[PDB]
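Just so you know, all these numbers are worked out from the coordinates, no wet-lab data involved. Cβ sites come from the backbone with ideal geometry, for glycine too, and all protein chains shown count toward neighbours.
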Amino acid sequence: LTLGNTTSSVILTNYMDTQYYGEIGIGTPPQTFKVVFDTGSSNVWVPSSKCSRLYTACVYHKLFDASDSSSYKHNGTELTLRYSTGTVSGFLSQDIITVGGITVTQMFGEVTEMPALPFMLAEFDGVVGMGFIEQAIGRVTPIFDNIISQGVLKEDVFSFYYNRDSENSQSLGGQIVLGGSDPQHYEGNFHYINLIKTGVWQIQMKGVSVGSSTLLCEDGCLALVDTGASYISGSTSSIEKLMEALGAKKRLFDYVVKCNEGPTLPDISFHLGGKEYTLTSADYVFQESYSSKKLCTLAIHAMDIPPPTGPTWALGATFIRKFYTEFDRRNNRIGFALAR
Ligand SMILES: COCCCOc1ccccc1N1CCN(C[C@H](N)[C@@H](O)C[C@H](C(=O)NCC(C)(C)C(N)=O)C(C)C)CC1=O
Ligand SMILES: *[C@@H]1O[C@H](CO)[C@@H](O)[C@H](O)[C@H]1NC(C)=O
C-alpha cells in the first residue's frame, strides 16, 4: 500500500434530503455524469448510448457513448447488478474516469437496461460503488482501489458529508473527501466500530432503542452503513415494532403520521458498539407541515436485504446527515463523528 500526500474532494448536490450525487467524467474527451457514491456496492456504472430508448429512464438520463471516446477500451462481457431496490444490466467497458481532480483508468458498467422503478426517479445518471472488491460483481476492481494504487492519497480512507438543508443554492450540497476527512464539517472526536467481516461496510449493532425502552435488536444485529441509501432501513419485522411505537400507518413504500404528531415522536437510538447515536423527531421526520389534516413521512422505511449480507439494518442519509462518516479501509472500521 503506497500512500502519497494528496487529498481529493467531490462536491455533492443535495436533492430533497433523499439524493446526494456528485459528478465524474468518463472518457476522452470527458462525458460528465451525475453519480451516487454508494458504499453499499462496488461497481461503477452509467446509462449507455446503446440503451434501447424503450427504457424511458435512458431517455431521461445522460448516456455514455464509447464511439466518442478515444480512450475507450472494449471488453463487453455481460453484467447485471441486483440492488435491494432495483436492477440494472449491460456490459463492461474501460475508460479514463475523472473524480475530484483524480484520473484513473476504470472499468465500468455500460447499462443498456434500466427499468423505470427506481431510476426514473433518479436525479442522477449512475452509481459509483464504494464497497470492497469482494462485493464487486464480475470481480471488477472497485474505483477507490485503483486510485489507492496510484499511491497518491494520504490515507487509505474516504469520508462522507451529507448536508441537512437541501435546496437553498447558496449552501454546499454535500462533500466526499478522498484520502481522509474534512474537519471543517464535524466536531468532537471520531468514534470507530470494526467491520464484522471485510469486503462489506457492515458493523455490529448492540441494540436499537425507541425512546426509553430498547425494544429492538435486543440480541444485537447488523448495521450496514449505506451511503447510497436515503433512509435508515431495517427488517420488515424490526420496522413493524418500531412503527407500532411511533403509531405510524404503514403505507405502500414508507410510513407516515399526521403532521401534528411529528414534534412528539420520541428519540430513536442506535447503540453502535461504544456510543449511543441518537436521532430526534426532526432527525427522521419530514416535517413538511404541522396539521392533523396532512400526512408527514418518516425517513426510516422497512427493507429486507438478502443473505449472505442480510437480514440487516442499513444506515443511510437519514443517519449520516447527523453523523459525519469516515470509511477506513486500512483498519477496516467506520468512524463516526458529529457532523456540523
Ligand atoms: C445518497 O443517495 C440516496 C440514495 C438514492 O436512491 C436512489 C434514488 C433513485 C434511483 C436509484 C437510487 N438508488 C441509489 C443506488 N442504490 C444502491 C444501494 N445503496 C445498494 O448499494 C444497496 C446494497 C446492495 O443491495 N448491494 C448490491 C449487491 C447485492 C450486488 C452487493 N454489492 O452486495 C444493500 C446490501 C444495502 C440503490 C438505489 O435505489
Ligand atoms: C474482460 O475482462 C476480463 C478480466 O481480465 C478478461 O479476462 C476478458 O478477456 C475481457 N473481455 C474481453 C476478451 O474483451
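The figures follow:
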quantity: Listed peptides 248-260, 191-203 by packing density, highest first (mean Cβ within 10 Å); calculated: 191-203, 248-260
quantity: Sorted by Cβ density within 10 Å, fewest first, the residues 112, 264, 318; calculated: 264, 112, 318
quantity: The chain - percent relative contact order, Cα under 8 Å, separation 6 or more; calculated: 20 percent
quantity: Taking segment 280-340 and dividing mean pair separation by its residue count, relative contact order in percent (alpha carbons under 8 Å, at least six apart); calculated: 21 percent
quantity: Added length on full extension, which subtracts the Cα-Cα distance from 0.36 nm per residue, residue 254 to residue 168; calculated: 28.4 nm
quantity: Count of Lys pairs (Cα-Cα under 25 Å; at least 8 positions apart or interchain) in segment 7-181; calculated: 6
quantity: Between segment 91-148 and segment 269-329, the Cα center-to-center distance that results, in Å; calculated: 25 Å
quantity: Highest average packing first - 9-16, 226-233, Cβ atoms within 10 Å; calculated: 226-233, 9-16
quantity: Gain in span if fully extended, residue 105 to residue 244, counting 0.36 nm per residue against the direct Cα distance; calculated: 45.1 nm
